[PDB]
Amino acid sequence: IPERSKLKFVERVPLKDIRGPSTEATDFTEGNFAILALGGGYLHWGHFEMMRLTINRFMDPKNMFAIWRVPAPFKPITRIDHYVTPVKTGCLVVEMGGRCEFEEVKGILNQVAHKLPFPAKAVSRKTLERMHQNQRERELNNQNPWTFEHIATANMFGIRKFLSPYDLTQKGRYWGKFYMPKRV
Amino acid sequence: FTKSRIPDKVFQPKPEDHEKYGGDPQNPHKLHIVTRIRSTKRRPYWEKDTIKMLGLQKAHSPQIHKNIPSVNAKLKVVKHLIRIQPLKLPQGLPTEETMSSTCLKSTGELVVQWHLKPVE
RNA sequence: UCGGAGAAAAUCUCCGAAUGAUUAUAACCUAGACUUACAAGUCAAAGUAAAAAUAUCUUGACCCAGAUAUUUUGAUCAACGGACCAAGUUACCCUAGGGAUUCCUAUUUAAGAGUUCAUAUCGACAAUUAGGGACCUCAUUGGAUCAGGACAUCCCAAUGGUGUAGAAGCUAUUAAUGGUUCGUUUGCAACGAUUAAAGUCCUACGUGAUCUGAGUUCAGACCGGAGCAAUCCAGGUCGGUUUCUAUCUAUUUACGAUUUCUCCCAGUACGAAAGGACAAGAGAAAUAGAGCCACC
RNA sequence: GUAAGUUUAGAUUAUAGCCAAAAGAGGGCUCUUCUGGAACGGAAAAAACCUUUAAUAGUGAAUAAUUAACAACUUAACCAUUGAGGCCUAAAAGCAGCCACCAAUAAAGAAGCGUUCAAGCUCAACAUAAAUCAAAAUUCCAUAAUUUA
Ligand SMILES: [Mg+2]
Ligand SMILES: [Mg+2]
Ligand SMILES: [Mg+2]
Ligand SMILES: [Mg+2]
Ligand SMILES: [Mg+2]
Ligand SMILES: [Mg+2]
Ligand SMILES: [Mg+2]
Ligand SMILES: [Mg+2]
Ligand SMILES: [Mg+2]
Ligand SMILES: [Mg+2]
Ligand SMILES: [Mg+2]
Ligand SMILES: [Mg+2]
Ligand SMILES: [Mg+2]
Ligand SMILES: [Mg+2]
Ligand SMILES: [Mg+2]
Numbered sequence: 044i045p046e047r048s049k050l051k052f053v054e055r056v057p069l070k071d072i073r074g075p076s077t078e079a080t081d082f083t084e085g086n087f088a089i090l091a092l093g094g095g096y097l098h099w100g101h102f103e104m105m106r107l108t109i110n111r112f113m114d115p116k117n118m119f120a121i122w123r124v125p126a127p128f129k130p131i132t133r147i148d149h150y151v152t153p154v155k156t157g158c159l160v161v162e163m164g165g166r167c168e169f170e171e172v173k174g175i176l177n178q179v180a181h182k183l184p185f186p187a188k189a190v191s192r193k194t195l196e197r198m199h200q201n202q203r204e205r206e207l208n209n210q211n212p213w214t215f216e217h218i219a220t221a222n223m224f225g226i227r228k229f230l231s232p233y234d235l236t237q238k239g240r241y242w243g244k245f246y247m248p249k250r251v
Numbered sequence: 036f037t038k039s040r041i042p043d044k045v046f047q048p049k050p051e052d053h054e055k056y057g058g059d060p061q062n063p064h065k066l067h068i069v070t071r072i073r074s075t076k077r078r079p080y081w082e083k084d085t086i087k088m089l090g091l092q093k094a095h096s097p098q099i100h101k102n103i104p105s106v107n108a109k110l111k112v113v114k115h116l117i118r119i120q121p122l123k124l125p126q127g128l129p130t131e132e133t134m135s136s137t138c139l140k141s142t143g144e145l146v147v148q149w150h151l152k153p154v155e
């Protein structure tokens, strides 16, 4: 159990940032239970306090601990009113761990996730692994001969007249700041 | 919106593809039958030009072209507006005598004897 | 006007120049090019001539006037492609035209309030693809008549919950039924006396070919403040004329009621007292609708 | 693959677009660049979306696009055994509070909670049987319809 089990404080003062698949904080580091971002959104300091206060009160110092998986607010906002921390879909906002089962932390993590600015979910190591396995399984066993990548990459049907350059990389999974899970 | 370069993998066939379309990877066919089946209106200007270069100004009228890389390069530009079918010569190339008796079938066969009579 | 740096080439972010000092004094001539609407602006082999190669570093036309004896010089012409030389004001105005005329509220969450007890009544952080509102400055809407409609319900009606004993209340569901007053000071409010209640909004201030007060806003005139004056001020004030015979559409001949108070049940049920019901039942009015004339 | 291009001579008009899509720059809008469009058909009406090489007569034919589409996953009825574990609130009982995190047993640690604290209402044991998702304001506004290859 880390000595500083409780969440630390966050300093108030130190378009594509949330428009694609995440490349950071996508893997569990120390904890087993964490909140997974399912969309792109900006986390201002107010959200940070809600996560800090709610999680700290419930967690047991003897058996539980938590850590932050995202940087403090650094991006300027003007009417320099305040700074917002960008987050990409797939990021782990906060990580929890300890000699506890997922079910114990499900309620608090899910409650915290609901109040986040973007859609989010509470996932353990197993659940995150299961989600990826299901995604790969769906792609392999898909019975639709046509897929977004092949049509877009090969410019079949003259499709690229109606597509953005970024669409080829995303392959239709991501539209704007929203992530479509079922879309293979 | 700019011209696109298709990855080379698109034009590398697979063993099942040869089975489906019935074309041997060896002894490749010589001549294409190309017909325009979509309109050049609302298409970028480069597509409009290649269609005129290939002679496919009228739709649903077939044109014969060489199955050589330079011709193929233009065809790849307008792949979506045309239908490419391999010309077949069941009875061989037309000679001087048979030049006036030919007919191009929908199947892709240029028959050199056209009688308009029951097969019997 | 031009030059330097960023954005990175459309508008934005910054610095400088209308030269400066140094000097070897840096010639004439002539291929090919850059740049460029025009105009202006760049680089330069070869040849010749001086010397014994070198100018180094960081911009204004034409005309017209000059100066010398060919050679040259004239712009905060800076509104910087530059009229040789001209400012205010107009509400007395005119013509040609172009225009316009944070805070609620509904959901989700629930630390903390509520002695105890999250959700009787509420409530931090937040969540709704959720609904409405250079130094100075500032400008359509009342009323009358007749109202159509929404329901996010002010009263009337039917109900759930309570920290609902009764009586008073609080909260929520349902319902658009008919109703929802008269004045005073007011220019927006500010009060008085009532009521079962004096709802919140939409209809181009709903409605000016139905009517009316402001305002926009002028021709006259004063103060206060500007300006040398004419004049001026989004500062005061007093005065001050918009007419219309309806062509078309549309419209112009019934209904089957709302509310309040008193009486009774009963000063009972309830309640320590204080105080004080419901339904059931009878009678009065007020208003609205439809009619009538024996009386007044 | 294809038929255009340079130069010479002459010449006006034009110099305010419009909407969709794509990438940026400022900061929803607004500038800049790239692509397309101007139906008589379809999207309801529909300049700007999709289908459409010109324009002719015909009581022929094959076709294109074509506002339509088919809520989502374990309590069953049962049983609960001390020295009050101490100490800070007489003393604090699974249990005011804090720390041990406790007792034998076929089998039970104290879960809610009760309790001034113990009242004890009784969870888990023993002991019995089965068991996460995908179509507000004039007056509603085509009519209808679940299966014939
Ligand atoms: Mg020139
Ligand atoms: Mg030389
Ligand atoms: Mg000028
Ligand atoms: Mg100029
Ligand atoms: Mg006057
Ligand atoms: Mg009405
Ligand atoms: Mg209602
Ligand atoms: Mg009128
Ligand atoms: Mg009249
Ligand atoms: Mg006068
Ligand atoms: Mg007057
Ligand atoms: Mg008078
Ligand atoms: Mg006046
Ligand atoms: Mg009339
Ligand atoms: Mg009664």
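Here the protein sequences line up with chains N and Z, keeping their order. Mind the numbering: the first sequence is residues 44 to 57, 69 to 133, 147 to 251 in the entry's author numbering, read in order. If you're matching positions, the second sequence starts at 36 in the entry's author numbering and goes up one per residue. Every residue gets a Cβ at the ideal spot worked out from N, C-alpha and C, and that includes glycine.
Start-to-end residues for the beta strand (DSSP E) that takes in residue i
i: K188 of chain N; result: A187 to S191
i: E162 of chain N; result: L159 to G165
i: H181 of chain N; result: Per DSSP, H181 of chain N belongs to no beta strand (DSSP E); it is in the alpha helix (DSSP H), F169 to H181.
i: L90 of chain N; result: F87 to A91
i: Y150 of chain N; result: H149 to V154
When the options are compared against residue i, the one with the closest alpha-carbon
i: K129 of chain N; options: N:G165, N:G164, N:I72 and N:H181; result: N:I72
i: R240 of chain N; options: N:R47, N:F102 and N:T156; result: N:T156
i: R123 of chain N; options: N:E162, N:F224 and N:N208; result: N:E162
i: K193 of chain N; options: N:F229, N:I131, N:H181 and N:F82; result: N:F82
i: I121 of chain N; options: N:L183, N:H181 and N:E46; result: N:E46
i: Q47 of chain Z; options: Z:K83, Z:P60, Z:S39 and Z:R40; result: Z:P60
i: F52 of chain N; options: N:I109, N:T77, N:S76 and N:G94; result: N:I109
i: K44 of chain Z; options: N:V251, N:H98 and N:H217; result: N:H217
i: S141 of chain Z; options: Z:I41, Z:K38 and Z:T70; result: Z:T70
i: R166 of chain N; options: N:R197, N:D148, N:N117 and N:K188; result: N:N117
i: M247 of chain N; options: N:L92, N:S191 and N:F224; result: N:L92
i: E196 of chain N; options: N:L50, N:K70, N:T77 and N:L90; result: N:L90
i: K49 of chain N; options: N:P75, N:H98, N:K182 and N:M113; result: N:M113
Burial state of residue i (16 or more Cβ within 10 Å)
i: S74 of chain Z; result: exposed
i: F87 of chain N; result: buried
i: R106 of chain N; result: buried
i: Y56 of chain Z; result: exposed
i: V56 of chain N; result: exposed
i: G100 of chain N; result: exposed
i: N222 of chain N; result: buried
i: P127 of chain N; result: buried
i: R227 of chain N; result: buried
i: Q237 of chain N; result: buried
i: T130 of chain Z; result: exposed
i: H150 of chain Z; result: exposed
i: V160 of chain N; result: buried
i: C138 of chain Z; result: exposed
Within chain N, partners of residue i - CB distance below 8 angstroms
i: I41 of chain Z; result: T220, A221 and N222
i: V45 of chain Z; result: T220 and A221
i: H53 of chain Z; result: Chain N residues near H53 of chain Z: none, gap ~17 angstroms exceeds 8 angstroms.
i: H115 of chain Z; result: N222, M223, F224 and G225
Contacts of residue i in chain Z (Cβ-Cβ under 9 angstroms)
i: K238 of chain N; result: Going along chain Z, no residue has its Cβ under 9 angstroms from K238 of chain N, so there is no contact; the nearest lies around 14 angstroms.
Continuous alpha helix (DSSP H) stretch holding residue i: start and end
i: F112 of chain N; result: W99 to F112
i: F36 of chain Z; result: Where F36 of chain Z is concerned, there is no enclosing alpha helix (DSSP H), given that its DSSP letter is neither H nor E.
i: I218 of chain N; result: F215 to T220
Contacts that residue i makes with chain N (C-beta to C-beta distance below 9 angstroms)
i: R78 of chain Z; result: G225 and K228
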